[PDB]
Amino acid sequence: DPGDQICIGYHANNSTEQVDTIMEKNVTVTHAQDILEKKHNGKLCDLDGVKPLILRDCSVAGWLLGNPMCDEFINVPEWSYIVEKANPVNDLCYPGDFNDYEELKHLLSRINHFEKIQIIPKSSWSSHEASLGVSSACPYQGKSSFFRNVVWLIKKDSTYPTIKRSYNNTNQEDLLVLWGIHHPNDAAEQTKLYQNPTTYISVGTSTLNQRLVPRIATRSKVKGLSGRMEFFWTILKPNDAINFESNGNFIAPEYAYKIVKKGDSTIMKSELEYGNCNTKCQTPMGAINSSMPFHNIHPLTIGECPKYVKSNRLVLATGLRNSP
């Protein structure tokens, strides 16, 4: 006969969730809690409202300077973040250099919008040749062409008279301005193109004090050309003026850029293209939509994101150990 009885016990169920512990692996428990998000959508999205700027086969240098093949980007909307491929094809079509280029890219990461403006009219070049400045390295569609936002001045009749030109930033916002110099192959090329054999380019700001000189040298052919173009850039402060003077080898500007909205942004390296979707979190490998505190997709993320960790697994134990 059983006299009255009472027992104490604990919960169990059908759960095969396994956690780990410092001393024991794959411990099966009643309840678990995963805290790591591992799946994304392989696509580049809008970020809340805004569609990212995706340069396709373009580089940042190629966009701003105005590569013929980059015309798709002549007047971009305000963006949420820029996307650039790892080694874009359309960079500096005419071979040379973009000075302090990495730093310039740096600014872009805090800029959401430009507004292209003309600051020296191409038509204003009355005593020089705006329209001979054209190269085979710089092809529109078989038509050999040039960058669009600058202008390659050339001697008219036989001579190249001294340029003195200026623009005063009367806007309330800052002005990104670009220009450049052309380095010929020998004395002969120099004198054919600009007549004057000894030349210079002076550029002044409230802070700029630059005087450039062409640098004649015998060089390798790049894209069939031996000469070089070297481009330079500055920020022109509100209510400050910029002044050019030259004498040859001048790559003059026509258009400038007003920094018109600043904010969070990144230059995001990614091969991807536009995914026609939308998130609150974007990764160069795909967007994440998750409540988790942690993800393991890619450490360079933008937007309202979980914190990157390198784990394959992050799972917490909440319930108790389940029966053998």
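When you see a residue number, it is the position in the sequence shown, counting from 1.
S.K.: Should the higher mean CA B-factor in the entry be assigned to 65-73 or to 28-36?
M.R.: The stretch with the larger average C-alpha B-factor is 28-36.
S.K.: Averaging the C-alpha B factors as listed in the entry, name the stretch that ends up higher: 179-187 or 125-133.
M.R.: Averaging CA B-factors over each stretch, the winner is 125-133.
S.K.: Among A241, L108, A252, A217, which carries the highest Cα B-factor?
M.R.: In the PDB entry, the greatest C-alpha B-factor among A241, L108, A252, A217 is found at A217.
S.K.: Would you mind checking which of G227, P139, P197, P161 has the top Cα temperature factor in the PDB entry?
M.R.: Of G227, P139, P197, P161, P197 has the highest C-alpha B-factor.
S.K.: Which third of the chain holds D157 when residues are ordered by C-alpha B factor: lowest, middle or highest?
M.R.: For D157, whose C-alpha B-factor we compare with every modelled residue in the chain, the answer is the highest third.
S.K.: Quick check for you: using the entry's CA B-factors within this chain, is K223 in the lowest, middle or highest third?
M.R.: Its C-alpha B-factor, which the entry lists for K223, ranks in the lowest third among residues of this chain.
S.K.: Pull the Cα B-factor of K237 out of the PDB entry and bin it into the chain's lowest, middle or highest third.
M.R.: Tercile = lowest for this residue's CA B-factor.
S.K.: Mind checking which third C277 falls in for C-alpha B-factor across the chain?
M.R.: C277: CA B-factor falls in the highest third of its chain.
S.K.: Grab the CA temperature factor for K258 from the record and place it in the lowest, middle or highest third of its chain.
M.R.: For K258, the deposited C-alpha B-factor lands in the lowest third.
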